[PDB]
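# Chain and residue survey
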Amino acid sequence: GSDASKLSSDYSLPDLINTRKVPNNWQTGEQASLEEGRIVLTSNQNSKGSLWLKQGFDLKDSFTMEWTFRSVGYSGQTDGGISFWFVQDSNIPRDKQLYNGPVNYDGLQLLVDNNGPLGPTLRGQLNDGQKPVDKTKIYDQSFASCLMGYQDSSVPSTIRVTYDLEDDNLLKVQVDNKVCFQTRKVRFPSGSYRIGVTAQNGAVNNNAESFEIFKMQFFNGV
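Cut-offs and rules
- Residues numbered from 1 in each chain as written, not as in the entry; some residues may be left out.
- Heavy atoms only, no water.
- Pairing = 2+ DSSP bridges.
- Helix = DSSP H or I, 4+ residues; strand = E, 2+ residues; numbered from the N terminus.
- Axes fitted to C-alpha atoms, helices over the stretch in contact; angles between N-to-C directions.
- Core = buried A, V, L, I, M, F, W, Y, C linked by side-chain atoms within 4.5 Å.
- Buried < 20%, exposed > 50% of the residue type's maximum accessible area, 1.4 Å probe, protein only.
- Contact = heavy atoms within 4.5 Å.
- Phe/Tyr/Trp six-rings, centres within 6.5 Å; stacked < 30°, edge-to-face > 60°.
- Salt bridge = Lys/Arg side-chain N within 4 Å of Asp/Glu carboxyl O.

What the deposited record gives as its method is X-ray crystallography, and the resolution it gives is 1.10 Å.

Following this line, the structure appears as structure tokens:
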């Protein structure tokens, strides 16, 4: 389980409550901005934002990533969404074509959105960097998914990603501690992984859905 003694400061985003500057290990992009208590990714109509660690993570051991986020200000289906990334690259990924993150990624995308055939979901997607994914088949191509309501709630959700080399490479995603999916078929190879979150709210209904980050905690182990 997560324990203070296992927290990795360099790959975490301490709770942004009362935080006046973006923590120096992270970089905002596009129109993401630090507002009171939170980084707002989609701060007005048809906006985009990114938040990535400045340094890569050398994958050598089991890990946990816990993201605390919310969506406020809009209820309704849109073509917006928020994506959480764990993808190999030598830099913050250059490409911005998939939810304001990389369409040609090598690793894992976790997408929270509501435009697919099951309504609001958390979905896992994989790609190996050889080609861009086909955005027109994303929902059929999810390797795992669960239902997840997220819109129009001021109470943040917590996505807990664990990758357990000591349990035959178990990749698990929990939402508010409840299992969303798990698999042993994804064996990430060695490399430097980029960790970040990106979002867009698109133009549907001239919505102002506001995707916001409160905290991220990275642990060694699970």
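### Side note on the sheet that holds strand β3 (residues 38–40)
The sheet built from seven strands is open, its strands ordered β2-β3-β15-β6-β11-β12-β13 with antiparallel pairing. The strands lining the two open edges of the sheet, one partner per strand, are β2 (33–35) and β13 (178–183). Within this sheet the neighbouring strands show an average axis-to-axis angle of 25°, counted without direction. In terms of strand pairing, strand β12 (residues 170–175) meets β13 through five bridges, oriented antiparallel. Looking across to β13, one finds that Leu171 is bridged to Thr183.

### Things to note about the nonpolar core
Counting 44 residues, the largest nonpolar core has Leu41, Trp67, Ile82, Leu122 and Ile159 as the members making the most contacts within it. Dropping the residues within four chain positions of it, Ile82 is found in contact with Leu41, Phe69, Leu110, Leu111, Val112, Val197, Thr198, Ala199, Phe211 and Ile213. If you look at the next biggest cluster of nonpolar residues, it comprises ten residues, including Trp85, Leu98, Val103 and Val133.

### Topic: the packing of aromatic side chains
Following the criterion strictly, the structure yields 19 aromatic pairs and no others. On the basis of an interplanar angle of 75° and a centroid distance of 5.9 Å, the ring pair of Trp26 and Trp67 is categorised as edge-to-face. Of the two residues, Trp26 is situated in strand β1 (residues 26–30) and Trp67 in strand β6 (residues 63–72); the sequence distance between them amounts to 41 residues. We note that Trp26, like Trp67, is buried. Arranged with centres 5.8 Å apart and planes meeting at 45°, the rings of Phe63 and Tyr163 form a pair that is tilted. With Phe63 in strand β6 and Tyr163 in strand β11 (residues 153–164), the pair connects residues that are 100 residues apart, well separated along the chain. Residue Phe63 is classed as buried on the basis of its relative accessible area of 1%. Judged by relative accessible area, which is 1%, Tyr163 ranks as buried. Members of the aromatic cluster, joined through ring pairs, are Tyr11, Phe57, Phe63, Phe86, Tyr163, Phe188, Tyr193 and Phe218.

### Focus: the pattern of salt bridges
Counted under the stated rule, the structure contains seven salt bridges. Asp58 serves as the salt-bridge partner of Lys60, at 2.8 Å between the closest nitrogen and oxygen. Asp58 sits in the partly exposed class, given a relative accessible area of 42%. Among the ionic pairs, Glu66 bridges to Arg160, the shortest N-O distance being 2.9 Å. One end of the pair, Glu66, is in strand β6; the other, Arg160, is in strand β11, and 94 residues separate them in sequence. With respect to class, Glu66 is no different from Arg160; both count as buried.

### Re the pairing of strand β8 (residues 106–113)
Among the eight residues of β8, seven are classified as buried, and the element is accordingly described as predominantly covered. Strand direction decides the pairing type here: strand β7 (residues 81–88) and β8, joined by six bridges, are antiparallel. By the bridge assignment, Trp85 is partnered in β8 with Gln109. Relative to strand β9 (residues 121–128), β8 runs antiparallel, the two being bridged by eight bridges. Paired with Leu108 across the bridge in β9 is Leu126.

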